[PDB]
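First up is the structure itself, then whatever we jot down about it.
Computation of the quantities below employed the complete heavy-atom set of this structure, encompassing side-chain atoms and omitting hydrogens, waters and symmetry-equivalent molecules. Proteins come first, then strands; the chains are lettered A, B, ... in the order of their sequence lines, and each starts at number 1.
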Amino acid sequence: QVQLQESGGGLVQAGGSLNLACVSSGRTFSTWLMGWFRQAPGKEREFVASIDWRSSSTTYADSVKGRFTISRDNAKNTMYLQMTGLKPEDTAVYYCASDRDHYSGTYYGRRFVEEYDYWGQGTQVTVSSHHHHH
Amino acid sequence: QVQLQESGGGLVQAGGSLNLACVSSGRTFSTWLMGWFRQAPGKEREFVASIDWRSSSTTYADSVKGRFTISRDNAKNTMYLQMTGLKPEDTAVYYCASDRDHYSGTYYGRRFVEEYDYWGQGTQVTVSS
Amino acid sequence: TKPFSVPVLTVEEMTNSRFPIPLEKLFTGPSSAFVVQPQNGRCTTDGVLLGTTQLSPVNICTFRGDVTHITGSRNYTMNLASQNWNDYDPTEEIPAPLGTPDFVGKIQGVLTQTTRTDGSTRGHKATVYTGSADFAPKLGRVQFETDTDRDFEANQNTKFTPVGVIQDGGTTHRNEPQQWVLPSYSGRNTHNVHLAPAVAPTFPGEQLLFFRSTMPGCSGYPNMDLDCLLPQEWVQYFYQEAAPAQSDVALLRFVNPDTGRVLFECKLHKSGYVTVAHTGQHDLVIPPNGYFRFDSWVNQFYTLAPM
Amino acid sequence: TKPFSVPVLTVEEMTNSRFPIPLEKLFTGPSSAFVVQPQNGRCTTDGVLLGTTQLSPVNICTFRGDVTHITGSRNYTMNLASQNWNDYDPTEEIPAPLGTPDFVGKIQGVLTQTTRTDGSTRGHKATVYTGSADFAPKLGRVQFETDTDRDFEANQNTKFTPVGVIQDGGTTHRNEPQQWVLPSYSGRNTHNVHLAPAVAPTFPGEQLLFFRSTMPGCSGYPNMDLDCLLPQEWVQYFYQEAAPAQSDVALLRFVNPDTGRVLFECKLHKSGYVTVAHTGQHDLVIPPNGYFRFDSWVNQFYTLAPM
C-alpha cells in the first residue's frame, strides 16, 4: 500500500554536491517518522539522517554532520537530503525509509534499520576520486 | 479510640434462648463490616455470624444456621445475636467484632478472625444439661 | 439529555482495555478472517458495561483468590474471588469473573501471597494457559503453573499480576497467543454465555479501528499484537457521564494537539466500537500523537473521508 | 470559565497514583512525624502536573530503555528512555523521569526484552533498590539485580514491570519499604531538584486524608501500606478538564451511591491534596464504598464537620 521513490544523485567528483528527493505514495499517513539510509556493496546498511513530520527534530550521523541537510515538505509528500563536500567514502545506494509506529524526532531507536517499515528501491550515488581504481 | 461492648450473656438450660447485644462507641465509622465470634476455654476462636452495615447480606456458621439470627441497628449503634435452641456446645465467650477495612457482606474473608481489627471484651454464655 | 463527549487524552496517554499496558498506536485493516468478539473493553457510549468489562485499568488479566496445591506437580488451582475480594457467584449473568482474559494464550506473571497471621509474603513466577481444559473462570476455577511445589499456603490471599505472554516449542513463530479466539470460560466442551456481541464493519468502504498495544514477551516468539475497541479511559468516562445517545453513530475527529491539525475522521458506534474509511487488504498503523473530539451526532450512512 | 468537578467513580474503582494497584480504602491520622512529599500523584485542581507525575496508571514504577551487563555479576545497568520511548532529557525541570518511584525500597518485578530483528523475547526476575548508590534515574541510569548474567542483549528494547515490594534487610521488621522517604534521584550523596512541595494540614483541627492501597509482598515482611494524595483518575481528570479554581479549597462530600448518604466532608486544596476534620492520635480507615462529590468552592476559613 506504500511506495517510497527516491531520485536525484548519480556521478559527482570529490568535493561536489547532490540533492536527493524521496516521494511518498499510496495509503500513507503524514505523522510517520522518516529518514535516510545508505548501503555500499558488501557492507552493512547504516543510518544517515532522520526528521519528524513537523521538522522539529533533525538527527545526523557523525560522518555526515555539517555536510548534509535533511528537510521535509509534507504538502508535497517529499523528503530531501542536500549533500555537500562529497568524498568517495559517501559512495552507496541511498534509501529513504519510514517508521509507521513512531512520530517523535527523538524516538530513541530512530537510527536502527529494523525500526523502519517502508523502504524505497534507492538511488545510486557515486563519488569519484581524482585517482581512479585499477 | 473505638470501644466494643457486648451484653446479654447468662446461664441457660439446654434448648433455651438468649439475646446478645453489642454497642459500638468512639471513633467508629458507620460502614465497617461486623460479626460475632466465640471462644471456649482451650479451643480456637471460631466465626459465628456476620452482617454488613446495610443488612444486605447475612452470613452464618453452619453449626448455628436456623437457630441464630444476626441483627444490626445503626441508629442505635447496636448489633444483636438472637439465639434459640441452645446446646451445651454453644458454651463459650462471645465476641463482637468489626473490620475497618471492608464493608461488603460477601467479603470472601469475612469468616477469618484475623481480618477483624476491633473486638469486644466478651460476654459469657453457658448452656447446661 | 446530558451532552455527550469523549476524553481529550491523547492515545499515547491512554491504556489498553484488554491488558494493563499503555496504548502505542492506532490500527485499521481487514478483519474478515476473524470473529472480533473481545469481552474486555466493551462499553456502550451511554455507559453500559458489557462482557467481562470492569473499570480498573490494572485489574485486567489479574486473578484473586486462594490456592490449592496439586500433588506431584508445581501447579496450583486458584479458587476465584471477584476483583474486589467478594465471593464469586457463578450464576451472575456474565461470561466469567470481570477482568478475565479474553484470548487464548499463555500469560506469564507472578503469584503473590500474604499470610494474615504474621504478614509474611512470597512471590513466584507463574503461567496460566487460558486454552487449557482446566481453565474455567466461569466456574470459579483456574490453574497456574509455577516454579514451586510447597511455598504457597492454603486459605491465604493470593494475587496473580500479569506481565506478558510467551510462545514455546518448535512451532511456527507468532502462532501464539490468538488474540481473537475467546477461551472456553467454563472449561473444555462448554458454550460461552452472556458475551458482548461480535463487531464488524457494516457500511461498505469502512473497516474497524483498533487501539493497539504490544504485550511484553517473556519467552519464545509470541504474537504480541493486542487490539482493543475502546481505551480503558473511554470505558471509565462513558460509565461516569452516561450521556444519552442521540443517534447510533457519534462522529469523532482525530486532532494533533500541538498543531491543531485534523488528521482523520471516524464513527463511534453506540454499542462501543469505531470504524474508519480504510480499504484494501493491507494494514494502516497510526502514531499516537492525537486525541479524539466529538463534533456531532450522525447516522450509520454518513460517508467518511478516507484517511 | 469551566465548572470544576471530580470523577464519580468510587474509591474501590480507582487506581493508586504511586503504584499500579487499585485503591482499597481511605486513611486519615496524624502525620506530623513524617515529611509527606510524594512526587507521583501530584496535580493541581486546574490540571498542572507536578513532580514526576504522568498520566498513565500502568507506567508508575516502570522503566524503559536498553541494558548493559555489569560483568562479574547478575546485575544490569539500564540506560533510560522516557516512558514513551523518547530520549530522556535530564535537563528538564523535573526531579527524575516521569513515573520514577518516589520512595526508598526494594521493588520486585520482571525485566522483559524484545530483539527487533526476529522478535525473540525473554523475561527474568528483577529487583531494583531505589536506595542503592547506583539508583540515579535523574542522570538516566538505574541498576537492576536479576537472575541471569548472559540472557540480555545490548541495544534492545527492555522494560521493567513492577509487581510488589520485598524485604530482606531487617527481616520480620516492617521497616522497609519507607513510603515517605524520597530516593536520591541523582544517586548516592546528591540533592533532589524541582520537587513538588511537601504537604501538611494548615487549619486547626484537621489532618491529611490519604487514598490507601496495600502493595503486594514478594518476600519477607514488608511494610506494604501505600498512601497517595490523589487517585490517578483524578490526575487524569484534572489534566483534561483544566477548570479554573475559583478558590483555594473545593468542598467535597463523600457519598455512598447505594444509599445517597453523606459519610463525611472534606477540603480539596488547589495544590492537589485533601484534608478532613479529624484530630486524634488514632488512625481511621474507611472502606472504599463511596465516591466524592464537588458541592461548592469555599475559603480556607471553612470549618468542616468532624468525623
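C:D66 and C:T158 form no side-chain donor-acceptor contact under 3.5 Å, judged by distance and modelled atom types alone. For the residue pair A:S104 and A:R110, no side-chain donor N or O sits within less than 3.5 Å of a side-chain acceptor on the partner.
Using cut-offs of 30° and 60° on the angle between ring planes, the pair C:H173 and C:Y221 is parallel. Relative ring orientation between A:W119 and A:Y116 is described as perpendicular, the plane-to-plane angle rising above 60° on a 0-90° scale split at 30° and 60°.
More than 12 heavy atoms of other residues, nucleotides or ligands lie within 6.0 Å of CZ in A:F29, so this atom counts as buried by the packing criterion. Heavy-atom contacts from other residues, nucleotides or ligands closer than 6.0 Å to CD of A:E114 number more than 12. Crowding of C:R141 atom CZ: a count of heavy atoms from other residues, nucleotides or ligands under 6.0 Å not exceeding 12.
Atoms CD1 and CD, from D:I60 and D:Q54 in turn, are 6.0 Å apart once rounded to the nearest 0.5 Å.
Within the structure, every pair that satisfies the ring pair (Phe, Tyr, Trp, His ring centres under 6.0 Å) test and touches residues 62-85 of chain C, not counting sequence neighbours, is listed here: B:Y108-C:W85, C:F63-C:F144, C:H69-C:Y76, C:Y76-C:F152. The stretch residues 215-232 of chain C participates, sequence neighbours left out, in these salt bridge (charged side-chain N to carboxylate O under 4.0 Å, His left out) pairs: C:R212-C:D225, C:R212-C:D227.
Every side chain to side chain donor-acceptor pair (under 3.5 Å) that A:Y107 has, sequence neighbours left out, goes to A:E115.
The cationic group of A:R27 does not satisfy the cation-pi geometry with A:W32, failing either the under 6.0 Å distance to the six-membered ring centre or the 45° limit from the ring axis.
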